[PDB]
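Participant: Here's a structure for you.
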Amino acid sequence: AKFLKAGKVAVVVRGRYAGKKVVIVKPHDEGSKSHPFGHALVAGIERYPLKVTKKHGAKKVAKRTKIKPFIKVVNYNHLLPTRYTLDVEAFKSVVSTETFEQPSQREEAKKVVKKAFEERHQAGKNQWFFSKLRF
Amino acid sequence: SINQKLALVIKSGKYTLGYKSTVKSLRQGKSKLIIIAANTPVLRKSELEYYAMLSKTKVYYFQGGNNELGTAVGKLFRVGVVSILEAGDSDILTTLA
Amino acid sequence: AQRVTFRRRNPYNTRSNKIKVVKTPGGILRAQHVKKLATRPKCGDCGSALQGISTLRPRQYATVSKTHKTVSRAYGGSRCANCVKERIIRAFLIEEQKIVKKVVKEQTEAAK
Amino acid sequence: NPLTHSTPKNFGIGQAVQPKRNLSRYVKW
Amino acid sequence: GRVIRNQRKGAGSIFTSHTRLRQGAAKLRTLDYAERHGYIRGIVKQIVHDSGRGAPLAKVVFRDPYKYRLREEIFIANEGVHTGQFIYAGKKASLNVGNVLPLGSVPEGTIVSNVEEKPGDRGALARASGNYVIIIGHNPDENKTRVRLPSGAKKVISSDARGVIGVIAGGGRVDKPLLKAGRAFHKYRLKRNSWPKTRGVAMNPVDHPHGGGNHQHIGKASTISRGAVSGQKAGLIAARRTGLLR
Amino acid sequence: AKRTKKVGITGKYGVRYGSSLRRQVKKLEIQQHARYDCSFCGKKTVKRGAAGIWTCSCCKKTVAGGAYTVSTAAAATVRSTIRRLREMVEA
Amino acid sequence: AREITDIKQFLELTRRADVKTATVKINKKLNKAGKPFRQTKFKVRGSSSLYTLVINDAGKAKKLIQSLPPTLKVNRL
RNA sequence: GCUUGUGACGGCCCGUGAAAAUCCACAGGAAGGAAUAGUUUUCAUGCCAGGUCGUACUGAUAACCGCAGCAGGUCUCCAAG
RNA sequence: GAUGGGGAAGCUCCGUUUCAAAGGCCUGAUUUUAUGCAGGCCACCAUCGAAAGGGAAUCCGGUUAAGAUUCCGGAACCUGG
């Protein structure tokens, strides 16, 4: 069956983001006026939170754990689909084709993504999706 | 043997050839089986298996190089992986594979 | 039918001493010393000249903006982007199968 | 607590550059 | 008299080795904890040509145990290695071509090369191309090992002495006629000044013991005592027999 | 158009060196300039760069080997003897 | 040894406070194929560079010359 | 067309045909810093200094060496119909 | 080719990182004062050796009885701050 879906984590293997982890939010399997190929809208995190430890108190923890996200159209061929998953229903509205085209709507739509990700990093659900891939 | 299995799929059933055209059938879950050469590079095979365990498809290993696997599907060129997306009157799916 | 000399005291044809023949504004042919050509930077993996970098001599990169010396992928000015595509595949699928190995070492305890 | 992770580093030869130990027995005096 | 030509190689002036293009001294890895209590893996980066030698070299890159870095070393490449190969080194390694094991760890009838005389000399025996020693037996108490040196001599060494599995690459080298004095000129420019060789017969009573006379001939036996003295020794030295074999 | 009859590749040497030596080289120089199958990429790109080293131009593997040919005679029976002693201890 | 295109950007460097002098060169050329015209250049001298503006349409070139700042000491032709 | 430069290919080797200073990129994440406002001299422009010894002329059928203003010897670039 | 060492009646010889306690950095700790004390580091450990090898950056026009890619006029560029 089709393992590219709304929750499926992937890895970005092609360009400026190569090595970073994403989540496939709104896949278009076949067709579009532009992008005449199967592509998937994704959201991912560009900066990974730094090592946090017992010894860091006070303000370091909040400034180590800062996440920087992104939203991108990407071609399947540039993704490694993997078995992991996220619960994506938070921002399903906020990451969309309508968000692109009006780039103001893209920096409005990182906030609802940046907030959903720093939540999950508390309450350590999806421990792996927040750890820097290494290569 | 396996040759008669592959050889009967040709005119009775539909299939794809080569790496990049299996993954499009495999990422679409149209792949009912894949046959993978013995000389194929490890990191290639490792990835073809990983796509399979996600799409839950049977991975059968042809015994031979890619020079022989194309001799099996009746091609004059080498082929390193083959995906069977619809089987013909042959028994390939129901049997050992 | 004009002929021209070296402009420097090296009489000899060595690798640094190359000459190009130039027509000046004052009508005369004159020789012009030329500096050795620049080689493209190479992928430290596959060896193929990695595109996007400007080809200069080594100390002429100290004078240049950083966009000439880099691309915006990870391992930008270093590996050829198909050597980065692999080592992402290889870093994910080696430490993928490496998790499956560590459950079997928990099972091989309870199975025996 | 949710954010902090457990590494453990594996000294089993073959991996994990060795820690700093007490070499006081081995030093060249 | 004069000082003859073989007495003239000792002071080593123009007779030294031509060392410029040589990749380095091909050795095995220093014997350490990780190798004698277990194995450590490198990979062979490129297998390359060394000047003055007959056999290719391989550069395998290990990971330093006690400090963060890489360390790369020069192995004489056994036949069958390829770039991208994992090369395992240590007591607990496996028997495959290119892996360096102690000799006690391999069964008799195993073919290894670049074996060590004593443990930790980083290789001695059978380093020329195509050579190998066979392991013909063990002595598990007062630990030794019985191996067959490439000449056919049988030597007995320690069982902690490492050696690398397989035959050294570059076999078949001397099968090809050299065919002209030029190709032998390009051979010894990368080695040393031995060439060409004037027959001591063809020189004067000063230049050699074989010199002089109104014909070319040696005049006395061409076999010399092992107990000869400096400069007397030219010709077949302390031979037990002589003449074509039958 | 076969041109020469006996000498083949050694026609470059002309009349010199004697017939045996020229014929004994023709044995090897047909081996070292020959083109071999590649045990990895599945094509035949393999050629010799130097004594001991055999370079694929496809998969860029370099492969150590025999001086005038890929696999030496006494080598192919080492990697069987080594394959046999390995199974001996693990079986 | 540089060139300026926009008129406005040229009006900046004249005030840039590194520019002590300028000049106006007049060159008589022809355009297209047939007929000539009067081409002028304005060369302002920086410390490290020399900027020039080329005016091929003489309807603009006069409105520009008057617009030069009074401190700048101009050498015409 | 000739001279020189260069690029992509091919041949040859039991011959595979220097080293280093020097400069840069990348991996890493030490730290340091937005909200009444804080950086960045690898973007632009602007500012100051750039020392010591060599520098003439022949380079040869008389300026070099051969007792000399010697038919000898002596490395090299440019090259018209 | 010094040093450390090692020979040599001695002039000096071996050797060049060698059986060596072979060294100065990066800033944190200081706002009594500047640098104590601080963790970490990095072990390559003289120097000499090419006016043809490697190498930061300059061009055109004019000028002298004799000098110029150096002087003049103009147009650039590099390096350290």
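Residues in the structure tokens are numbered from 1 in each chain, the chains being A, B, ... in the order shown, and ligands are numbered from 1 in the order shown.
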Using only C-alpha atoms (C1' of nucleotides), which residues sit within 10 Å of residue C:89 once same-chain residues fewer than 2 positions away are excluded, as an MDAnalysis selection string?

Facilitator: (chainID A and resid 11 13 19 80 135) or (chainID B and resid 43:44 46:47) or (chainID C and resid 84:87 91:94)

Participant: Can you tell me which residues surround residue H:47 at a distance of at most 12 Å, considering only C-alpha atoms (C1' of nucleotides), apart from same-chain residues fewer than 3 positions away, and format the answer as a PyMOL selection string?

Facilitator: (chain G and resi 18+47-48) or (chain I and resi 81)

Participant: May I have the selected residues written with C-alpha atoms (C1' of nucleotides), as a PDB file, in the first residue's frame?

Facilitator:
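Full text of result07.pdb as output:
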```pdb
ATOM      1  CA  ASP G  18      35.408  61.671  -1.421  1.00  0.00           C
ATOM      2  CA  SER G  47      39.633  57.912  -4.140  1.00  0.00           C
ATOM      3  CA  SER G  48      39.933  54.339  -5.414  1.00  0.00           C
TER       4      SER G  48
ATOM      5  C1'   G I  81      46.583  48.047  10.262  1.00  0.00           C
TER       6        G I  81
END
```

Participant: Using only C-alpha atoms (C1' of nucleotides), tabulate the residues of chain H lying at most 8 Å from any atom of chain F, each with its closest atom pair and that distance in Å to one decimal, by chain and increasing residue number, as a tab-separated table.

Facilitator:
```
residue	atom	partner	partner_atom	distance
H:13	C1'	F:50	CA	7.9
H:14	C1'	F:51	CA	7.2
H:16	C1'	F:50	CA	6.4
```

Participant: Which residue is closest to chain B? Choose from F:55, F:81, F:62, F:39 and count only C-alpha atoms.

Facilitator: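 Looking at the shortest contact to chain B, the residue is F:39.
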
Participant: Once DSSP has gone over the backbone, tell me which residues of stretch 26-82 of chain F are in helix (DSSP H, G or I), as a PyMOL selection string.

Facilitator: chain F and resi 26-32+73-76+78-82

Participant: May I have the residues from that selection written out with C-alpha atoms, as an mmCIF file, in the first residue's frame?

Facilitator:
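Wrote it out as again01.cif, contents follow:
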```
data_model
loop_
_atom_site.group_PDB
_atom_site.id
_atom_site.type_symbol
_atom_site.label_atom_id
_atom_site.label_comp_id
_atom_site.auth_asym_id
_atom_site.auth_seq_id
_atom_site.Cartn_x
_atom_site.Cartn_y
_atom_site.Cartn_z
ATOM 1 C CA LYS F 26 53.262 -11.590 -27.217
ATOM 2 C CA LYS F 27 51.901 -14.039 -24.664
ATOM 3 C CA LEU F 28 51.840 -11.477 -21.864
ATOM 4 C CA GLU F 29 51.228 -8.187 -23.660
ATOM 5 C CA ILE F 30 47.972 -9.599 -24.985
ATOM 6 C CA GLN F 31 47.077 -10.148 -21.309
ATOM 7 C CA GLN F 32 48.080 -6.752 -19.924
ATOM 8 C CA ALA F 73 47.180 -18.528 -11.136
ATOM 9 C CA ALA F 74 48.442 -19.265 -7.635
ATOM 10 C CA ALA F 75 46.049 -16.652 -6.232
ATOM 11 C CA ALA F 76 42.721 -18.170 -7.285
ATOM 12 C CA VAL F 78 44.593 -19.172 -2.270
ATOM 13 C CA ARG F 79 41.132 -17.663 -2.001
ATOM 14 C CA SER F 80 39.671 -21.156 -2.301
ATOM 15 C CA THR F 81 42.119 -22.531 0.282
ATOM 16 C CA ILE F 82 41.275 -19.543 2.485
#
```

Participant: Determine, counting only C-alpha atoms (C1' of nucleotides), which protein, DNA and RNA residues have an atom within 6 Å of an atom of stretch 72-77 of chain A; residues of the same chain fewer than 5 positions away are not included. Present the result as a compact mmCIF listing (two decimals) with N, CA, C and O atoms, in the first residue's frame.

Facilitator:
```txt
# COMPACT_ATOMS: atom_id res chain seq x y z
N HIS A 39 4.86 15.14 -5.95
CA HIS A 39 5.56 15.91 -4.94
C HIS A 39 4.77 15.87 -3.65
O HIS A 39 3.60 15.49 -3.63
N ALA A 40 5.41 16.26 -2.57
CA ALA A 40 4.75 16.28 -1.27
C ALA A 40 5.15 17.54 -0.53
O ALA A 40 6.34 17.82 -0.38
N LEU A 41 4.16 18.29 -0.07
CA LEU A 41 4.45 19.40 0.82
C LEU A 41 4.91 18.82 2.15
O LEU A 41 4.35 17.85 2.63
N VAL A 42 5.96 19.40 2.72
CA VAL A 42 6.51 18.88 3.97
C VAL A 42 6.71 20.04 4.92
O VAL A 42 6.61 21.21 4.56
```

Participant: For stretch 69-73 of chain G, list every protein, DNA or RNA residue within 10 Å, evaluated using only C-alpha atoms (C1' of nucleotides), and leave out those in the same chain fewer than 3 positions away; present the list as a list in words.

Facilitator: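 Once the nearby chain positions are removed, what remains is residues 11, 14, 15, 17, 19, 20, 21, 22, 23, 44, 65, 66 and 76 of chain G.
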
Participant: Which residues of chain E come within 6 Å of chain F, and what is each one's closest atom pair and distance in Å (one decimal), counting only C-alpha atoms, sorted by chain and residue number, as a Markdown table?

Facilitator:
```
| residue | atom | partner | partner_atom | distance |
| --- | --- | --- | --- | --- |
| E:55 | CA | F:52 | CA | 5.8 |
| E:56 | CA | F:52 | CA | 5.3 |
| E:79 | CA | F:65 | CA | 4.8 |
| E:80 | CA | F:64 | CA | 5.4 |
| E:81 | CA | F:64 | CA | 5.6 |
| E:82 | CA | F:63 | CA | 4.4 |
| E:83 | CA | F:62 | CA | 5.7 |
| E:95 | CA | F:86 | CA | 5.9 |
| E:169 | CA | F:65 | CA | 5.0 |
| E:170 | CA | F:67 | CA | 4.2 |
| E:171 | CA | F:66 | CA | 4.6 |
| E:172 | CA | F:67 | CA | 5.5 |
| E:173 | CA | F:67 | CA | 5.2 |
| E:176 | CA | F:25 | CA | 5.7 |
```

Participant: I need the chosen residues saved as a PDB file, in the first residue's frame, with C-alpha atoms.

Facilitator:
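For reference, selection37.pdb as written:
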```pdb
ATOM      1  CA  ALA E  55      54.151  -4.820  -5.787  1.00  0.00           C
ATOM      2  CA  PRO E  56      51.378  -2.280  -5.245  1.00  0.00           C
ATOM      3  CA  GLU E  79      45.972  -9.822  -4.301  1.00  0.00           C
ATOM      4  CA  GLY E  80      42.217  -9.457  -4.319  1.00  0.00           C
ATOM      5  CA  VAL E  81      41.892  -6.372  -2.147  1.00  0.00           C
ATOM      6  CA  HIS E  82      39.883  -3.509  -3.562  1.00  0.00           C
ATOM      7  CA  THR E  83      39.213   0.056  -2.543  1.00  0.00           C
ATOM      8  CA  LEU E  95      40.187 -15.442   8.180  1.00  0.00           C
ATOM      9  CA  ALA E 169      49.791  -8.689  -5.685  1.00  0.00           C
ATOM     10  CA  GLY E 170      52.111  -8.382  -8.640  1.00  0.00           C
ATOM     11  CA  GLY E 171      52.465 -12.047  -9.452  1.00  0.00           C
ATOM     12  CA  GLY E 172      53.752 -13.028 -12.851  1.00  0.00           C
ATOM     13  CA  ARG E 173      56.148 -10.096 -13.022  1.00  0.00           C
ATOM     14  CA  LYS E 176      57.924 -11.168 -19.374  1.00  0.00           C
TER      15      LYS E 176
END
```

Participant: Name the residues of chain B that fall into strand (DSSP E or B) according to DSSP on the backbone, using the chain letters and numbers of this document, as a count of residues only.

Facilitator: 16

Participant: Determine, counting only C-alpha atoms (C1' of nucleotides), which protein, DNA and RNA residues have an atom within 12 Å of an atom of residue B:30; residues of the same chain fewer than 5 positions away are not included. Present the result as a ChimeraX atom specification.

Facilitator: /A:1-3 /B:14-16,21-25,52,55-57,83-87

Participant: So that each row is one residue of chain A with an atom at most 12 Å from chain H, can you give its shortest atom pair and the distance in Å to one decimal, using only C-alpha atoms (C1' of nucleotides), rows by chain and rising number, as JSON lines?

Facilitator:
```
{"residue": "A:48", "atom": "CA", "partner": "H:29", "partner_atom": "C1'", "distance": 11.5}
{"residue": "A:49", "atom": "CA", "partner": "H:29", "partner_atom": "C1'", "distance": 11.3}
{"residue": "A:50", "atom": "CA", "partner": "H:29", "partner_atom": "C1'", "distance": 8.4}
{"residue": "A:51", "atom": "CA", "partner": "H:29", "partner_atom": "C1'", "distance": 9.8}
{"residue": "A:63", "atom": "CA", "partner": "H:33", "partner_atom": "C1'", "distance": 11.8}
{"residue": "A:64", "atom": "CA", "partner": "H:29", "partner_atom": "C1'", "distance": 11.3}
{"residue": "A:134", "atom": "CA", "partner": "H:27", "partner_atom": "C1'", "distance": 10.0}
{"residue": "A:135", "atom": "CA", "partner": "H:27", "partner_atom": "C1'", "distance": 9.0}
```

Participant: Only residues of chain I matter here; which ones have an atom within 12 Å of chain G, counting only C-alpha atoms (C1' of nucleotides)? Give them as a list in words.

Facilitator: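 So the contacting residues turn out to be residues 74, 75, 76 and 77 of chain I.
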
Participant: With distances taken over only C-alpha atoms (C1' of nucleotides), which residue among H:78, H:23, H:46, H:60 lies nearest chain G?

Facilitator: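 Selected residue with least distance to chain G: H:46.
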
Participant: Suppose you want the space between atom CA of residue D:10 and atom CA of residue A:20; what is it in Å?

Facilitator: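 Interatomic distance, atom CA of residue D:10 to atom CA of residue A:20: 25.9 Å.
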
Participant: By how many Å are atom CA of residue E:39 and atom CA of residue F:90 apart?

Facilitator: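 These atoms are spaced 18.0 Å apart.
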
Participant: Quick one: which residues from chain A are at most 7 Å off chain D, using only C-alpha atoms, as a list in words?

Facilitator: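 Therefore, the residues near the partner are residues 52, 53, 121, 122, 123 and 124 of chain A.
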
Participant: If we count only C-alpha atoms (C1' of nucleotides), which residues of chain I reach to within 10 Å of chain C? Please list them as a list in words.

Facilitator: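 Filtering chain I at 10 Å from chain C with only C-alpha atoms (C1' of nucleotides) gives residues 51, 52, 53, 54, 55, 56, 60, 61, 69 and 78 of chain I.
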
Participant: Write out, as a PDB file, in the first residue's frame, the residues just selected, with N, CA, C and O atoms (P, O5', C5', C4', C3', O3' and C1' of nucleotides).

Facilitator:
```pdb
ATOM      1  P     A I  51      69.480  30.484  -7.645  1.00  0.00           P
ATOM      2  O5'   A I  51      68.687  31.839  -7.886  1.00  0.00           O
ATOM      3  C5'   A I  51      67.267  31.853  -7.883  1.00  0.00           C
ATOM      4  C4'   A I  51      66.722  33.131  -8.459  1.00  0.00           C
ATOM      5  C3'   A I  51      67.010  33.357  -9.937  1.00  0.00           C
ATOM      6  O3'   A I  51      65.903  34.040 -10.510  1.00  0.00           O
ATOM      7  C1'   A I  51      67.864  35.154  -8.703  1.00  0.00           C
ATOM      8  P     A I  52      65.589  33.885 -12.070  1.00  0.00           P
ATOM      9  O5'   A I  52      64.749  32.544 -12.169  1.00  0.00           O
ATOM     10  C5'   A I  52      65.394  31.287 -12.303  1.00  0.00           C
ATOM     11  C4'   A I  52      64.463  30.252 -12.877  1.00  0.00           C
ATOM     12  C3'   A I  52      64.194  29.060 -11.980  1.00  0.00           C
ATOM     13  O3'   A I  52      62.945  28.486 -12.355  1.00  0.00           O
ATOM     14  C1'   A I  52      65.352  28.339 -13.890  1.00  0.00           C
ATOM     15  P     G I  53      61.560  29.156 -11.914  1.00  0.00           P
ATOM     16  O5'   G I  53      60.673  27.916 -11.504  1.00  0.00           O
ATOM     17  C5'   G I  53      60.859  26.652 -12.113  1.00  0.00           C
ATOM     18  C4'   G I  53      60.514  25.550 -11.151  1.00  0.00           C
ATOM     19  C3'   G I  53      59.417  25.883 -10.158  1.00  0.00           C
ATOM     20  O3'   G I  53      58.117  25.698 -10.697  1.00  0.00           O
ATOM     21  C1'   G I  53      61.256  24.924  -9.025  1.00  0.00           C
ATOM     22  P     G I  54      56.988  26.808 -10.467  1.00  0.00           P
ATOM     23  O5'   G I  54      56.669  26.705  -8.921  1.00  0.00           O
ATOM     24  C5'   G I  54      55.568  25.950  -8.447  1.00  0.00           C
ATOM     25  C4'   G I  54      55.395  26.145  -6.966  1.00  0.00           C
ATOM     26  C3'   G I  54      54.855  27.487  -6.528  1.00  0.00           C
ATOM     27  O3'   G I  54      53.453  27.590  -6.661  1.00  0.00           O
ATOM     28  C1'   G I  54      56.679  26.890  -5.174  1.00  0.00           C
ATOM     29  P     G I  55      52.817  28.866  -7.378  1.00  0.00           P
ATOM     30  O5'   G I  55      53.014  30.035  -6.327  1.00  0.00           O
ATOM     31  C5'   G I  55      52.670  29.862  -4.961  1.00  0.00           C
ATOM     32  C4'   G I  55      53.246  30.958  -4.101  1.00  0.00           C
ATOM     33  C3'   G I  55      52.786  32.366  -4.458  1.00  0.00           C
ATOM     34  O3'   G I  55      52.750  33.160  -3.278  1.00  0.00           O
ATOM     35  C1'   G I  55      55.125  32.239  -4.648  1.00  0.00           C
ATOM     36  P     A I  56      51.382  33.366  -2.478  1.00  0.00           P
ATOM     37  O5'   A I  56      50.432  34.134  -3.496  1.00  0.00           O
ATOM     38  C5'   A I  56      50.867  35.306  -4.164  1.00  0.00           C
ATOM     39  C4'   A I  56      50.098  36.521  -3.721  1.00  0.00           C
ATOM     40  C3'   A I  56      50.259  37.747  -4.589  1.00  0.00           C
ATOM     41  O3'   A I  56      49.397  37.703  -5.708  1.00  0.00           O
ATOM     42  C1'   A I  56      50.435  38.341  -2.304  1.00  0.00           C
ATOM     43  P     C I  60      52.209  47.698 -20.668  1.00  0.00           P
ATOM     44  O5'   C I  60      51.678  49.033 -21.338  1.00  0.00           O
ATOM     45  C5'   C I  60      50.716  48.992 -22.376  1.00  0.00           C
ATOM     46  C4'   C I  60      49.958  50.292 -22.482  1.00  0.00           C
ATOM     47  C3'   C I  60      50.743  51.494 -22.962  1.00  0.00           C
ATOM     48  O3'   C I  60      50.930  51.526 -24.364  1.00  0.00           O
ATOM     49  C1'   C I  60      49.498  52.096 -21.069  1.00  0.00           C
ATOM     50  P     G I  61      52.324  52.031 -24.974  1.00  0.00           P
ATOM     51  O5'   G I  61      52.263  53.612 -24.825  1.00  0.00           O
ATOM     52  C5'   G I  61      51.272  54.384 -25.485  1.00  0.00           C
ATOM     53  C4'   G I  61      51.244  55.794 -24.958  1.00  0.00           C
ATOM     54  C3'   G I  61      52.560  56.543 -24.951  1.00  0.00           C
ATOM     55  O3'   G I  61      52.964  57.024 -26.215  1.00  0.00           O
ATOM     56  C1'   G I  61      51.531  56.839 -22.883  1.00  0.00           C
ATOM     57  P     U I  69      61.781  48.602 -17.817  1.00  0.00           P
ATOM     58  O5'   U I  69      60.255  48.206 -17.643  1.00  0.00           O
ATOM     59  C5'   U I  69      59.233  49.107 -18.044  1.00  0.00           C
ATOM     60  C4'   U I  69      58.116  49.199 -17.032  1.00  0.00           C
ATOM     61  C3'   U I  69      58.537  49.308 -15.572  1.00  0.00           C
ATOM     62  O3'   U I  69      57.595  50.135 -14.894  1.00  0.00           O
ATOM     63  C1'   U I  69      57.118  47.466 -15.832  1.00  0.00           C
ATOM     64  P     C I  78      42.748  43.672  -5.029  1.00  0.00           P
ATOM     65  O5'   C I  78      43.988  43.189  -4.162  1.00  0.00           O
ATOM     66  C5'   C I  78      44.796  42.115  -4.598  1.00  0.00           C
ATOM     67  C4'   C I  78      46.146  42.144  -3.943  1.00  0.00           C
ATOM     68  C3'   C I  78      46.154  42.129  -2.431  1.00  0.00           C
ATOM     69  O3'   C I  78      45.950  40.839  -1.891  1.00  0.00           O
ATOM     70  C1'   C I  78      47.696  43.731  -3.226  1.00  0.00           C
TER      71        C I  78
END
```

Participant: Please list as a PyMOL selection string every residue within 12 Å of residue I:63, counting only C-alpha atoms (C1' of nucleotides) and excluding residues in the same chain fewer than 3 positions away.

Facilitator: chain I and resi 67-68+71-73

Participant: Determine the nearest neighbour of chain H from the options C:53, C:4, C:71, C:81, counting only C-alpha atoms (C1' of nucleotides).

Facilitator: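 Comparing C:53, C:4, C:71, C:81 against chain H, the winner is C:4.
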